[PDB]
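For reference, the chain that follows is the form deposited in one PDB entry, supplied as structure tokens.
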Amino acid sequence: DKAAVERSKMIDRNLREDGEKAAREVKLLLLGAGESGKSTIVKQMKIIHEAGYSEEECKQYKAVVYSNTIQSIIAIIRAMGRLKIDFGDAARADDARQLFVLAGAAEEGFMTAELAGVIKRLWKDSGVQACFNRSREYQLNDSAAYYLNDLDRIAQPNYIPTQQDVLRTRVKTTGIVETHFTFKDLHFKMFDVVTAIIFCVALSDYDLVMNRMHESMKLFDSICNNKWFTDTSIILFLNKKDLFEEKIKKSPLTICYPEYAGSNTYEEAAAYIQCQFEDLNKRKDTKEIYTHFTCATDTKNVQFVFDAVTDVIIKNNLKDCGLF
């Protein structure tokens, strides 16, 4: 392999008494707007390069799953109010009150057969479903349908959160987070605030109504064009491709990019965006952008993508990576 050959030509470890035992280091900065997948990528490195999340570990995310599920339904229900959507059947209006009763009597997340029923009944409602369907009009968790559609499982008294349940979580993170993991004998120090940068973009934020997509481009623009990053490999993750795919079906790219004239198909719309971002590169002859369409919650896609991102690093940056 080319990266194999590429690695094989280094001679620096011969300069270290016991160099074949040294740690070659890769410093990787993870960037992108809020809620764009940075934390999910951090979790996936654990899942893929460590063990990630043990059932004991997943057990700790139970009240986070409950918490996320409760918030999601409450957000759709409160929205119907502002948007004026009726309940498909007005008996549901009582479950709506009960949701606030049960949620209102608690500090932290929980699930009860009673709460489980109220939420299921509401979720199955057509009017609620109609409001759900207008999610671009209000703030709603991306994992909402994920969690809501799997309530019973989640509702089970002896429920243990799966790795996917854990990856689907929205957890409030503050501070810099630093993860160390080894892959292909490279020791990565990854910082979710430099050898490479992975910039995440939530593709589905396009129809959300400055514009979200445009604030991300705004930031990408500055990032890749920064002098500090001149020798850093700029990787662009056009993430949430899974939510974008279903969304582009009924929503139009023009909501985001009004001048867009291509077909509103996943192919043309996603291609358009990639072009929009890479177009920001002010040194196109000097710098290349490595774009990947990702689903951060899909461990296989990330494994795939990361393997690829990794070979680019070896081929472009190994020489600047120090031995420790």
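Residue positions are given as counts along the sequence shown, with the first one as 1. Between two forms, the rigid core is the largest collection of C-alphas that superpose within 1.5 Å. Shifts are known only where both forms have a C-alpha.
Undergrad: Scan the PDB entry between residue 193 and residue 194 and report the missing deposited residues as one of none, 1 to 3, 4 to 9, 10 or more.
TA: 10 or more residues lack coordinates between residue 193 and residue 194.
Undergrad: Answer with none, 1 to 3, 4 to 9, or 10 or more: how many deposited residues between residue 209 and residue 210 are not present in the coordinates.
TA: According to the record, 4 to 9 deposited residues lack coordinates from residue 209 to residue 210.
Undergrad: If you average the Cα B factors in the entry, which is higher, 284 to 292 or 32 to 40?
TA: Going by the record's values, the stretch with the higher mean is 284 to 292.
Undergrad: Highest mean C-alpha temperature factor of the two stretches 113 to 121 and 81 to 89, which is it?
TA: The stretch with the larger average C-alpha B-factor is 81 to 89.
Undergrad: Would you mind finding, among 45, 64, 51, 261, the residue with the largest C-alpha temperature factor in the entry?
TA: Highest CA B-factor of the listed options: 51.
Undergrad: Please work out which residue in 240, 184, 189, 249 has the highest C-alpha B-factor recorded for this crystal structure.
TA: Among 240, 184, 189, 249, the highest C-alpha B-factor in the entry belongs to 249.
Undergrad: Lowest, middle or highest third: where is residue 229 by C-alpha B factor in its chain?
TA: Highest third, going by the recorded CA B-factors of the chain.
Undergrad: For the chain shown, is the CA B-factor of residue 155 in the lowest, middle or highest third of its modelled residues?
TA: According to the entry, residue 155 has a C-alpha B-factor in the chain's highest third.
Undergrad: Looking at the entry's B-factor column for C-alpha atoms only, identify whether residue 174 ranks in the lowest, middle or highest third of its chain.
TA: For residue 174, the deposited C-alpha B-factor lands in the highest third.
Undergrad: Split the chain's modelled residues into thirds by Cα B-factor; is residue 273 in the lowest, middle or highest one?
TA: Lowest third.
Undergrad: Place residue 16 in the lowest, middle or highest third of its chain's C-alpha B-factors, as listed in the PDB entry.
TA: Lowest third - that is where residue 16 ends up once the chain's C-alpha B-factors are sorted.
In what follows, reference is made to the form deposited in another entry, a form of this protein that is not presented.
Undergrad: So which residue among 215, 246, 152, 108 shifts its CA at least 2 Å between the shown form and the other one once the core is superposed?
TA: Among the listed residues, the outlier is 108.
Undergrad: Between residue 106 and residue 165, does the Cα distance in the other form come out closer or farther than in this form, changing by 3 Å or more?
TA: So the answer is closer.
Undergrad: Work out the direction of the Cα-Cα change for residue 74 and residue 109 in the other form: closer or farther than in this form? It's 3 angstroms or more.
TA: More distant in the other form, by 3 Å or more.
Undergrad: Hey, quick one: aligning on the core, which runs of at least three residues have all their CA atoms off by 2 angstroms or more between the shown form and the other one?
TA: The segments that shift (3 or more residues, C-alpha shift of 2 Å or more) are 103 to 110, 172 to 174.
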